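Two forms of a single protein chain come next, each set out by itself as structure tokens; they are called structure 1 and structure 2.
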Structure 1
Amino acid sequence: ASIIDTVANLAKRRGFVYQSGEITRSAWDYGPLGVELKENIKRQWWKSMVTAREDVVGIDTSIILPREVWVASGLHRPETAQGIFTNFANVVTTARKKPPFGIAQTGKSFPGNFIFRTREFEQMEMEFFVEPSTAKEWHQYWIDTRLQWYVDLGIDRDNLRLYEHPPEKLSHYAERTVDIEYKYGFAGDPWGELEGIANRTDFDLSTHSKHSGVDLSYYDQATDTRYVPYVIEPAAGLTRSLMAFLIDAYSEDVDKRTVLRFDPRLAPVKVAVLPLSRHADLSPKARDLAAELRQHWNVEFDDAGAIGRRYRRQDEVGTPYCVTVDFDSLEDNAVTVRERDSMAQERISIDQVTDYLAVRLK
């Protein structure tokens, strides 16, 4: 069985995903784990792009926009970029930004290969407006940065690549386009697109200024000049990003153990509290610690079955850490922290546990 089918079956079994209305079929709902993973991915993207950057701001435009907007690109989005292009001047005005600077957005746009190609999906797109003569430079920068982003979130570099669009497959408005591709594992060609980084020149603002009559050019006072900025567009797939991170984290460990090697910042469940048994003495302290940890992270409490099977489930979903409360805990007031990948166990005082986990959960 292909890796893709295996990962999809695992996702369905552990509630990462459910067939949308099990009772299109390419429409998928995200179960608890799936929702948490998707949100973690979105938050990391937003933090790397918006909150961490002085030159990039955020925006959230309506799915249903005026019909003339898409005539330019009582009847009434296939992408999230046109809202950004239309609110360019509004952002320049309120946020007090000048090129080079970015406007970032995430949102839903409207088959097979599991969730690779779905009718309803979510995109994470940024429009970086720059003075034309720097576009190329900036383009490379982003091409690099975006790529490393995935690596920085745990994707094996060897499963990522850059595909340069040849002049024939380049759009008339696109001067250069470099797509990040991931080795999903499809039949035939196993590589697929994940995020497209395009140099759209000044086509978008020019077109919207012509069709709207509003001058969307920027005026640089430093030089007393006026120009239509060039646009660098990193457009990443949220559904495809989740698919890629999930696929890459999958691993089978002589003994065999299934484990999702999620980067901590992306795991749906950060910590699992596991009383050695259902004993009346262990469970209360365990639930107390679990409540303390829920004050910070999404936690799971499981007192069911042997400790080994519970460890197996928590690794199967990629939980970074497990906290075991044994009978010695009732005496020394310490718990056993088990790190997912290495399975290394270390006994630490309960009143420090949180900090011990914080540093490690990034």
Structure 2
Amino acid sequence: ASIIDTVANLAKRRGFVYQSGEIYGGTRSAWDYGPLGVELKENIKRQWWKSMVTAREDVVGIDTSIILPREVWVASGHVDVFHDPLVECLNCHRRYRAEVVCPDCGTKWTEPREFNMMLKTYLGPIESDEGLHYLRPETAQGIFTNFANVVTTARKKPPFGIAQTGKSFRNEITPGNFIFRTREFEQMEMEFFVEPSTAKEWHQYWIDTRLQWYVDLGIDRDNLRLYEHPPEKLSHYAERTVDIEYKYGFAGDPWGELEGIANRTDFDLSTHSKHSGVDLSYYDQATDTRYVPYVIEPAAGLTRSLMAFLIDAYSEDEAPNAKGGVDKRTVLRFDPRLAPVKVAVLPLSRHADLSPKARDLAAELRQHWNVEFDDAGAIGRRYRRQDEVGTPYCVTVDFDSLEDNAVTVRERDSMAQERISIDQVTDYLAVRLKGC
């Protein structure tokens, strides 16, 4: 039994993900994120925004509409170029994306039809070509069309970036393994505008910087690699593209795309200047020169990053048992900043004298962190339940706590325990959790 399936099964059982519309028949192309999944996803998003926007003078944020004017995607080239070769089996009429045999009926086909990957919708009463709009296949175009607006209000000057997170939509012909490839997914994209002659050096800077970002948040460097797009795989907007790939563990090739980092040269600002008639070039007053910035674009996938962090954090080891034995303990070794639950408050038993001190403590901690309270069953089994979802620290309230006003604090990975006065537990965890 593989590790991807094991992790996917853990995620479903503990409510990281549910298949969207399960009760009506669900598919792998649409997932919901449950109580633990939504916190993990938001924590990843928050760390991306802190690294990209909050911590950097040279990067500012934006949030643009999923639905832009139709002309946007004409100018961008997506209307004409964002399609795949699509053929239909003359026997069953199932569709697939490229002699040859059918993977469902076994037979050896129609002429390849170009199928645009963008999702359509209609705005206004007339359901016609006039009101046709596309759901955005990328968040980048909302940034480019606001480049001049941001330069103005933010008083920014190249080299500088504009970062954004949001939903994107693609009419994927097939679903992926687990949450890897969905029709609706969240992206974290930053467009870094630079003076053209520096573009290549800035490209290497961001490849390295994004790579280090995953390592800093706990992914084993050995499970990350770089992949340079060959000229055929390059997107119509790119001159050079390097993907960060993670060892997901698929059957066959265990590697898959995690984040794409493209040199989009001056393509995007140029075509929007032409089609819109609005000048999106930059004027460098320090040299009395005008130029169209080149763009370096780190474009990450939030849900695909969640899958990578989840798989990388999965682990199994041997841990002291209730009896003097050892067990195959399941542990998600999340960075404390990503863990969906920061602290578990665990009264030794459901005894009525432990509950007052314990519930009061969980309330104090909920002021700062997402907290779980569990008084059900044996304590060691509740420790395993928290380790299984990656909780960094468990706080146990026992009967000695009523006499000395102190609790036990258990560290997830080492399982070491230390006794801490209650009036210092908040500070004790704050330094070890490194974020709220």
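Structure 1 provides the reference sequence; residues are numbered from 1 along it. Just so we're on the same page, rigid core means the largest C-alpha set that superposes within 1.5 Å between forms.
Enquirer: Go through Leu170, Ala89, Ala235, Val228 and flag the only one whose CA is off by 2 Å or more between structures 1 and 2, rigid core held fixed.
Expert: Result of the superposition: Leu170 is the only one at 2 Å or more.
Enquirer: Keeping the rigid core fixed, work out how far the Cα of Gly213 travels between structures 1 and 2, to one decimal in Å.
Expert: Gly213 C-alpha displacement between structures 1 and 2, core-aligned: 0.8 Å.
Enquirer: In Å, how large is the CA movement of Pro284 between structures 1 and 2 relative to the superposed rigid core?
Expert: Comparing the two forms, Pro284 shifts 1.1 Å at C-alpha.
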